[PDB]
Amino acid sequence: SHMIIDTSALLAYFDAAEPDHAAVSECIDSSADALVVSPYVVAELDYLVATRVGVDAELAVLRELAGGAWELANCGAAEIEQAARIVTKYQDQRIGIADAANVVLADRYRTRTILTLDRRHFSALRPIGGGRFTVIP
């Protein structure tokens, strides 16, 4: 019922020209899981699309995100505290708050399913409830 979405996958999904666009499209469209996007990922996506593509696309992306199809997650005090613990656990890997927060949100939404193209990076991380993350595609 839930899928956590990294910046990479959204870059691939919103851009037809990206090599991975199709593979990601088939995962998102025909999901039935709710689509979870961290605000940290929104930040990253905003910056990246803006600088590498330009403002028109930035606007397109923001408006789609606010369009209602997406679950826009909240990261509050508890979430940042726990995220900090996850960064701490992995600190040598310098994984950053986007990834950390995605781990946390994976537990919040009771899902092990992660949508990202950085597979090897995320596969070294472990779910808070134990087990293994499921990375798609």
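Just count from 1 along the sequence shown to find any residue number.
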- Message: Which is higher on mean Cα B factor in this entry, 52 to 60 or 37 to 45?
- Response: 52 to 60
- Message: Tell me which stretch has the larger mean Cα B-factor in this entry, 122 to 130 or 20 to 28.
- Response: 20 to 28
- Where does residue 84 sit by CA temperature factor within its chain: lowest, middle or highest third? lowest
- residue 3, C-alpha B-factor rank within chain (lowest, middle or highest third): middle
- Of the three thirds of Cα B-factor ranks in this chain, residue 75 occupies the middle
